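Visitor: mmCIF, C-alpha atoms, saved as work_0.cif, coming up:
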```
data_work
loop_
_atom_site.label_atom_id
_atom_site.label_comp_id
_atom_site.auth_asym_id
_atom_site.auth_seq_id
_atom_site.Cartn_x
_atom_site.Cartn_y
_atom_site.Cartn_z
CA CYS A 1 52.68 13.43 65.84
CA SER A 2 50.32 13.30 62.86
CA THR A 3 47.59 10.91 61.75
CA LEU A 4 46.82 9.82 58.18
CA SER A 5 43.48 10.88 56.72
CA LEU A 6 42.33 7.68 55.04
CA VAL A 7 40.16 7.79 51.94
CA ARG A 8 38.16 5.11 50.15
CA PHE A 9 37.09 5.23 46.54
CA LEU A 10 33.49 4.04 46.61
CA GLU A 11 32.51 6.87 48.95
CA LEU A 12 33.52 9.53 46.43
CA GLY A 13 31.03 11.01 44.03
CA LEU A 14 33.33 10.08 41.16
CA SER A 15 32.51 6.38 41.50
CA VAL A 16 29.22 6.81 39.64
CA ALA A 17 31.08 7.46 36.38
CA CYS A 18 32.48 3.93 36.12
CA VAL A 19 31.64 0.30 36.87
CA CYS A 20 34.45 -1.42 38.76
CA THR A 21 34.83 -5.21 38.71
CA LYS A 22 37.64 -7.34 40.09
CA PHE A 23 39.02 -9.73 37.48
CA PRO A 24 41.85 -11.65 39.11
CA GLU A 25 42.83 -13.30 35.81
CA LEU A 26 43.48 -10.06 33.93
CA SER A 27 47.22 -10.73 33.95
CA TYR A 28 46.48 -13.66 31.61
CA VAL A 29 44.05 -12.18 29.10
CA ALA A 30 45.19 -11.14 25.65
CA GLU A 31 43.26 -8.45 23.82
CA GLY A 32 39.62 -8.44 24.93
CA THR A 33 36.70 -6.84 23.13
CA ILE A 34 33.07 -5.89 23.64
CA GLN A 35 30.44 -6.26 20.93
CA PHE A 36 27.66 -3.78 20.28
CA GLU A 37 24.75 -4.04 17.92
CA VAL A 38 22.47 -1.11 17.15
CA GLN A 39 19.53 -0.83 14.77
CA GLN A 40 18.64 2.61 13.48
CA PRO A 41 14.94 3.42 13.13
CA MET A 42 13.56 4.45 9.77
CA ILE A 43 10.62 6.43 8.43
CA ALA A 44 8.51 5.80 5.34
CA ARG A 45 8.83 8.32 2.53
CA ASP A 46 6.52 8.24 -0.49
CA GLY A 47 6.31 9.07 -4.15
CA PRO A 48 8.56 7.94 -6.96
CA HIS A 49 11.94 7.22 -5.41
CA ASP B 1 2.47 18.64 -21.13
CA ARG B 2 3.71 22.12 -22.06
CA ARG B 3 5.55 22.82 -25.31
CA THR B 4 4.75 19.31 -26.53
CA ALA B 5 4.17 19.87 -30.26
CA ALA B 6 7.46 21.74 -30.49
CA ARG B 7 9.22 18.80 -28.83
CA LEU B 8 7.60 16.40 -31.29
CA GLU B 9 8.96 18.52 -34.14
CA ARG B 10 12.46 18.53 -32.66
CA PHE B 11 12.35 14.75 -32.15
CA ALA B 12 11.40 14.34 -35.81
CA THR B 13 14.45 16.41 -36.75
CA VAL B 14 16.57 14.26 -34.43
CA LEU B 15 15.58 10.97 -36.06
CA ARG B 16 15.99 12.41 -39.55
CA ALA B 17 19.48 13.50 -38.53
CA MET B 18 20.20 10.03 -37.10
CA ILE B 19 19.61 8.29 -40.43
CA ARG B 20 21.59 10.95 -42.28
CA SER B 21 24.60 10.37 -40.02
CA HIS B 22 24.50 6.57 -40.50
CA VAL B 23 23.90 5.95 -36.81
CA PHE B 24 20.55 4.28 -37.19
CA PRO B 25 17.85 4.63 -34.52
CA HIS B 26 17.55 0.86 -34.16
CA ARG B 27 20.97 1.18 -32.51
CA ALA B 28 19.45 3.77 -30.16
CA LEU B 29 16.12 2.28 -28.95
CA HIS B 30 15.92 -0.99 -27.06
CA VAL B 31 12.35 -2.16 -26.48
CA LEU B 32 10.77 -2.87 -23.11
CA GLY B 33 7.37 -4.43 -22.44
CA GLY B 34 3.97 -2.82 -22.07
CA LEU B 35 3.57 -0.44 -19.16
CA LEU B 36 0.97 -1.10 -16.51
CA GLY B 37 1.62 1.19 -13.54
CA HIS B 38 3.12 4.51 -12.55
CA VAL B 39 3.42 7.00 -9.71
CA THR B 40 4.13 10.58 -10.73
CA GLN B 41 5.56 13.58 -8.93
CA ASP B 42 5.57 16.94 -10.72
CA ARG B 43 7.31 16.08 -14.02
CA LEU B 44 8.94 12.87 -12.74
CA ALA B 45 7.48 9.39 -13.23
CA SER B 46 8.28 5.75 -12.48
CA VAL B 47 6.75 3.53 -15.16
CA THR B 48 6.51 -0.25 -14.78
CA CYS B 49 6.30 -2.66 -17.71
CA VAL B 50 6.26 -6.42 -18.16
CA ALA B 51 9.32 -8.13 -19.59
CA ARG B 52 8.45 -11.82 -20.02
CA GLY B 53 5.37 -13.98 -19.75
CA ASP B 54 1.94 -12.96 -20.91
CA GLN B 55 0.62 -9.46 -20.30
CA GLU B 56 -2.44 -10.27 -18.20
CA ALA B 57 -0.47 -12.13 -15.54
CA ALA B 58 0.12 -8.66 -14.07
CA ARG B 59 -2.08 -6.67 -11.67
CA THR B 60 -2.80 -3.00 -12.35
CA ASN B 61 -3.93 -0.62 -9.58
CA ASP B 62 -6.80 0.75 -11.64
CA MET B 63 -9.49 -1.36 -9.84
CA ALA B 64 -11.77 -0.91 -12.85
CA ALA B 65 -9.79 -3.31 -15.06
CA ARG B 66 -7.21 -5.14 -12.96
CA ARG B 67 -5.74 -6.93 -15.97
CA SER B 68 -5.00 -5.20 -19.27
CA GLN B 69 -4.24 -5.92 -22.92
CA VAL B 70 -1.81 -4.56 -25.51
CA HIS B 71 -2.84 -1.57 -27.61
CA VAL B 72 -1.13 -0.62 -30.87
CA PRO B 73 -2.09 2.33 -33.11
CA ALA B 74 -3.95 0.64 -35.95
CA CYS B 75 -2.57 3.20 -38.39
CA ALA B 76 0.84 1.49 -38.22
CA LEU B 77 -0.13 -2.18 -37.82
CA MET B 78 0.79 -3.82 -41.14
CA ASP B 79 -0.30 -7.43 -41.44
CA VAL B 80 1.84 -9.67 -43.64
CA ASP B 81 0.20 -13.04 -44.38
CA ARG B 82 -3.15 -11.73 -45.59
CA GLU B 83 -0.96 -9.13 -47.30
CA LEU B 84 1.38 -11.61 -49.00
CA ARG B 85 -1.56 -13.99 -49.61
CA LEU B 86 0.07 -17.12 -48.24
CA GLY B 87 -3.33 -18.81 -48.29
CA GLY B 88 -2.63 -19.72 -44.69
CA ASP B 89 -4.97 -20.10 -41.75
CA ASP B 90 -4.63 -17.86 -38.73
CA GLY B 91 -3.27 -19.73 -35.74
CA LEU B 92 -0.49 -18.50 -33.46
CA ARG B 93 1.42 -15.69 -35.15
CA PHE B 94 4.61 -13.88 -34.24
CA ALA B 95 4.87 -10.12 -33.73
CA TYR B 96 7.62 -7.92 -35.14
CA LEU B 97 8.33 -4.22 -34.70
CA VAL B 98 10.05 -3.04 -37.88
CA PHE B 99 11.75 0.19 -38.92
CA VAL B 100 11.94 1.51 -42.48
CA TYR B 101 14.80 3.81 -43.42
CA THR B 102 15.12 5.88 -46.59
CA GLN B 103 18.28 7.76 -47.54
CA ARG B 104 18.33 10.81 -49.80
CA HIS B 105 20.45 13.67 -48.53
CA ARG B 106 18.36 16.44 -46.92
CA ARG B 107 15.25 14.65 -48.21
CA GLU B 108 14.75 11.55 -46.06
CA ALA B 109 12.38 10.11 -43.49
CA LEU B 110 11.60 7.09 -41.31
CA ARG B 111 8.56 4.79 -41.43
CA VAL B 112 7.44 2.63 -38.51
CA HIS B 113 5.27 -0.49 -38.54
CA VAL B 114 4.18 -3.33 -36.30
CA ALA B 115 4.10 -6.59 -38.23
CA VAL B 116 2.50 -9.90 -37.30
CA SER B 117 2.76 -13.17 -39.23
CA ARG B 118 3.66 -16.83 -38.91
CA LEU B 119 6.98 -16.18 -40.67
CA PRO B 120 9.84 -16.93 -38.24
CA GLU B 121 12.41 -15.38 -40.58
CA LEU B 122 11.46 -12.07 -42.17
CA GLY B 123 14.35 -11.64 -44.60
#
```
Please, can you express the file's structure as structure tokens?

Guide:
Amino acid sequence: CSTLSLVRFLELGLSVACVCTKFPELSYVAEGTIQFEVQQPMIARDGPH
Amino acid sequence: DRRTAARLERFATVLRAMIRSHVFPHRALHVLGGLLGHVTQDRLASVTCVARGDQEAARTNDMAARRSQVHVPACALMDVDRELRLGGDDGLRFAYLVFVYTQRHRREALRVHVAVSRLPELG
């Protein structure tokens, strides 16, 4: 006969490229977003302008 | 500045052309206030002048004379009342910058003055 080499996902090295979260209400959610906010640094020039 | 006298000559020719072409310089020179400050690069400046209120409400970055006054070349300042002999008594007087045109083709010029008086209506 022959066995079946089982594999799990969290043991792979690939898991570190993504954050996995169970969300058992996903079948209900309409379009969902995520909000960023970034603030660029600035440097002080001088002279006329 | 370089080449300055030449530029003054050319500007003279410009204004004399302006009056000849019946587009008068008073329709080409709006007046701002008196300058107080400036920062200059090489041949590029940023002047700063008052626009309302009294001059000495400002604050110049000289540190020898923080406040200032208003300076006008006395050669051009033409008083009126003492000129017209109104017999009046000097109180608060207005200040008018006036232009004087003269029109004779290829022989014409412009005269400037700064006039003070109590007269609200020159006319």

Visitor: Might you spell out which residues the PyMOL selection byres ((chain B) within 10 of (chain A)) would select in the displayed file, as a CSV table (one decimal) with C-alpha atoms, keeping the file's coordinate frame?

Guide:
```csv
chain,number,residue,atom,x,y,z
B,38,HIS,CA,3.1,4.5,-12.6
B,39,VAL,CA,3.4,7.0,-9.7
B,40,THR,CA,4.1,10.6,-10.7
B,41,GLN,CA,5.6,13.6,-8.9
B,44,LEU,CA,8.9,12.9,-12.7
B,45,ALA,CA,7.5,9.4,-13.2
B,46,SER,CA,8.3,5.8,-12.5
B,47,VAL,CA,6.8,3.5,-15.2
```

Visitor: What separation in Å, quoted to one decimal, exists between CA of residue 62 in chain B and CA of residue 36 in chain B?

Guide: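 The value is 9.4 Å.
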
Visitor: Rounded to one decimal, what separation in Å do you get between CA of residue 49 in chain B and CA of residue 43 in chain A?

Guide: 28.0 Å

Visitor: Care to translate the PyMOL selection byres ((chain B and resi 69-78) around 8) into actual residues of this file, as a list in words?

Guide: residues 34, 55, 56, 67, 68, 79, 80, 112, 113, 114, 115 and 116 of chain B

Visitor: Using only C-alpha atoms, what residues lie at most 10 Å away from (19.7, 9.7, -44.4) (file coordinates), given as a VMD selection string?

Guide: chain B and resid 15 to 24 101 to 110

Visitor: Select, from B:117, B:48, B:13, B:4, the residue with the minimum atom-to-atom distance to residue 88 in chain B, counting all atoms listed in the file.

Guide: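 Result for the nearest residue to residue 88 in chain B: B:117.
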
Visitor: How far is it from CA of residue 58 in chain B to CA of residue 31 in chain B, in Å with one decimal?

Guide: 18.6 Å
